[PDB]
Each structure stands twice: as structure tokens, then as C-alpha cells.
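The data below hold one chain only, encoded as C-alpha cells and taken in the form solved without ligand HCS.
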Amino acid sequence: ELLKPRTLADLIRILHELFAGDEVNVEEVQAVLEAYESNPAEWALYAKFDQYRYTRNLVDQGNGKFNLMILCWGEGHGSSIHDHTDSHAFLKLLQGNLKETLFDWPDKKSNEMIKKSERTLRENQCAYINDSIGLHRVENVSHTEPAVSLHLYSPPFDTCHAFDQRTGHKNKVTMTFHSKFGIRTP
């Protein structure tokens, strides 16, 4: 039974219930993520920015079945075009806006990757992606407002691929945590 998360801590408790089993009800998880009303005091601990690129800040390690982290995007910071390593990926805005651009999986032939669509993800909205849907880039295109997003991945993964927009060629990238549980992890 899906109730509105009252706080971030309540959301985490609810997520532990929703991932108690071996499968994932994507629509339920997205709904509860969306229903949490971002409260900046509850996540300030995790919102550790870097001047030069976006940061990944682990919030909860889940139950063997998911990670939950907060990404902090300075003005103009963005990601690669990337996949999600056969995992579910949910992205909820906690502050600001992000542009999500969708791409199809490239063919083996070297070719420009042409965007299939784009949208602006706004505060409190929750998006979802997986490899069956396609690839995406996420960017804070604002010149004046940092963005903060809440990401849930299931199963957890710490590698993925970045895709060269010019060719479709991919390279494996190892993903690192800027902090874990509020502690900077150099």
C-alpha cells in the first residue's frame, strides 16, 4: 500500500518495502518518488557540490537491491550520454531543473547520435529510464541555478558506458561517490 512519504527518511523506509522482493514495480516506485515533496533541510547533508562537475552522493545502500543517491549539478554541469547497466534508473528533481535528452542505442556503424527527444524535468518530477527505453544525457543548462536530483538504481551498479555523440562509440566508465552517508569520500 503506497502512502505519501512525509520526509526523506520516510521515503527511504518505503523504498526498502518496495524493493523487499526480487522484482520492481516501476510505476509504484516512480509514484512514491514523485509524491515526496523535496525538503531541502532533509537532504542538505548530501548536497555536496564541486565547482567543476556534478557530484554523486550516496544516501542509502538499500537492501541488496538498490542504491539511492543525490547528484549535485552546478550551473552548466551535465552528464555523458549514458546507459544504465541493465538496471532500473529513477531520477527525481529535488531542486532546480534538468534537461534530459533521449538517444537510441547506436548501430555498429559510426554515425552521429541524433537526439530522439528532450524534456525539461522540473522540481519534484520523477523520470524513469532503462536500457530497453534507450540512452540519455542529463544536463543542468541553467546559468544561475544549481540543480539537485535524487537517483535510485536497481540493482546497484558502479560502471556504465559513455557514448560519443559524434560516432556512437562507447567507453566503459567507473562511477565514483563524492560522499557516502554525508561523509566526503576522496
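Throughout, we count residues from 1 along the sequence that is shown.
Keep in mind the form deposited with ligand HCS bound is missing from the figure; the text below concerns it.
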item	value
Distance check, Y153 to ligand HCS in the deposited complex, heavy atom within 4.5 Å	yes
Residue contact check: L58 to ligand HCS in the deposited complex, 4.5 Å heavy atom	no
4.5 Å heavy atom contact, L93 to ligand HCS in the deposited complex	no
Ligand HCS contact in the deposited complex: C126, any heavy atom under 4.5 Å	no
Heavy atom contact within 4.5 Å of ligand HCS in the deposited complex, the stretch among 26-34, 43-51, 58-66, 130-138	130-138
Residues within 4.5 Å of ligand HCS in the deposited complex, restricted to 1-29 and counted by heavy atom	none
